[PDB]
Structures are given as structure tokens and as C-alpha cells.
């Protein structure tokens, strides 16, 4: 059977035009998906059953109830429990994680803390001037990829929304647009662009500050060279920005994880605001996982904040104090649950050294680096492949993930519903 209108479960592009061929409950072919999406949808060797680490230090097979009960006991008996990941599961499961965090008085953090968290901090300072991806597809004649490598990170972004597509107001496609890339190294995204602005590492805040000064007609305060870039080149960039009919900045980890952090995005948000006094201009963070955006949406409408610490029975938000790596670097976490995320492989070594000393529950379909530190391992059915769910595209558009194959594994929603019930019995609620 062919399942049409299937949705990719890998990157924030959340491509919803895939067709999947299923034979004997196994995915055989994936149409239009890029290598990243096809590999995820085609699958790998998964965790066959739940497991609990014994005294010997080995992971022994256990029933789903035994693993869930051990997870509930670990979490209910903790004073500073951390629930991290969530970006690769559905909004329905994220909602249950927020409810569980409230009952156990824990900290629930998304992969945003190590990704576009600084973007949210900048948006909380200036606001986000953005648009749905179809707007740029149909009108953008200028597209700047700032600190993002979509050729390797969002492979179909250029062919589906940002460059090669023909729009209602762009009858030819790529020839109707000028794309630019700003990076510290010549990436494959930069090689194919109309212009590549190679800048010094960690100099984005200065470069954007100078470009904004030139856009506002205050070039006199800009020196001859800013972080190795000539003023005349910055003036040319400002000219391209003010002379376009519809401009869009697509930025990534090059601004959020480099020096100055959120300060890089808020100056860019001020540049976009100022540019709207000359022409139409928007900006969009190139969100990572297919549902990192979804957690921030659910957590915000249910608690008022994108990430939250519910230790005192009331939402508390403050990155730099209650983010996963802030708590682990301070060695204040006494238990952790890693779900739909791989902390062991994607956190700095110093944080792992502390995470490896606390009881850890892992809810994941595949064995990874976190499994090496897990005391309880619970295999889960994959959202967008084995079960339905809601996910948010990088531009805030929510879509319903489609179930492609049947599975006997429990979904994240079901695993969390069972942990919540058991925790409530322990807590007396």
C-alpha cells in the first residue's frame, strides 16, 4: 500500500509531501524524502525490550510495568528531577511530560537549551518578525542564510521553500532571487550562493551592528574595517538588503552557539525591524528537530514559558539557572529522564560526568550514547512512523504526523500515562 501526504520526522522543515510504500508492515520505499528523512523512516536496529540495570552494572530485560514502576519510583523520590529531550516526540506526549514535571516538582527542558533557546531569549527582548514558509517561497527575491548550512542540515529547504521553487510573484524561481550566505568557513551552502560573506568566528554581533548602522544612515560611526571585513563590503550588504522587494534571513547555530549567544539574534531582530522602514523583510530561525518548536508552543500555552521549573508547584523560567546543562554543570540534579533526545552524545563531557552519577531513565526506540548511562531503558513507538501525533514546523505551522506501520511497542503518550498514574499513587494524589 502507498501512504500519501506522510510527514517527515527528522528536521524542522517537516516535509509533509512524502509517499511511503508499505509491504508486510515494513516500509520499502520513501518518495521525495532526503537522505536524512529516508534513513529515519527506513529504520535501524531497535531496542527489542525494556531493561533495568542490576547490581552487576548490566542491563537485564524487564517487563514494561517493571521499568515504568522503577522510573516512577526514581522520579517521585527525587528533589531535583530533570526531564530532558522532547524535541523528537509529539505535542501530546510533551503535554504529558509537562504534567509529570508538575506532579514530581521537576525541571522539564527541551533540546532548545542547546539549540534555539538563545533565539527565544532574543525574541523575549525584541519580538520575532517572521512569516510562514510559503510567504518567502512566493515572494522572497533576497534570502540570506546566516550561520546555517541548509545543504547538510535542512536538505529540502531550498527546493521546497527558500530558493529553487517558482512562486506566484517569482515566475522563474532561483533566477528571480539572490541568495547570500554568512559563515566562518566556505560551506556547500556558501559555494552555490550569489554571495558568500566570510566573517571571523564570533564576530556576528559587530557585523550586524555595523550593517544596521549603515541601513540607518549612520555609516560615519562605522570604522574602515569591522572584525576583518571592509566597511565597503558591509555597505554593499546593506544596499542589497534595502534594495530588495522582499527579504528573508534564515539563521542557525552560527548565531545561537557562537560568542555573545542571544545577543547575536536580538541585534538581527533590530536590523529586521529597521529594514522594514525601507522594504519588506522577515526572519526565521532554522529550527532543528521536527518537533523542537512544538515543545516551546505547548509549554508556553500551558505554563506561560517555553521551558519551566515546577519545583515550587508554580512555573519558573530562567535559562542559565534551570537549563539541562546549567543544572548538570552545577551537579544539582538527583535523577533524570532522557526522552526523545541523546544527552550522552550531544552534551559537553563535564555535564555527562555528572549525569552519569544519577539514576537515569531513557525512553527511546534506539540504543545510543545515553543508553550507556541509563539505569532504566524503555523502548517506544516512533511518532510519524508507528503512531500519530502533532508536530510544529520551524515556522509555527502545526501538522498531524501520520502512522505508517503497526507496532507492538508503547507510544510515548502511553508510557508517560503509566508513569503519571504510578507517580500519583506514590505522591498520594
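Positions refer to the first chain, counted from 1.
As the entry records it, the average C-alpha temperature factor is higher for 313 to 321, out of 313 to 321 and 295 to 303. Mean CA B-factor, 351 to 359 versus 334 to 342: the higher value falls on 351 to 359. Highest C-alpha temperature factor among 387, 36, 380, 68 per the entry: 387.
Residues shown: 160, 261, 79, 116. Highest C-alpha temperature factor in the entry: 79. For residue 111, the recorded CA B-factor ranks within the middle third of the chain. Only modelled residues enter the ranking. Ranked by C-alpha B-factor against the other modelled residues of its chain, residue 173 falls in the middle third. Per-chain ranking of the deposited C-alpha B factor places residue 423 in the middle third. Looking at the C-alpha B-factors along this chain, the one for residue 391 belongs to the lowest third. Ranked by C-alpha B-factor against the other modelled residues of its chain, residue 124 falls in the lowest third.
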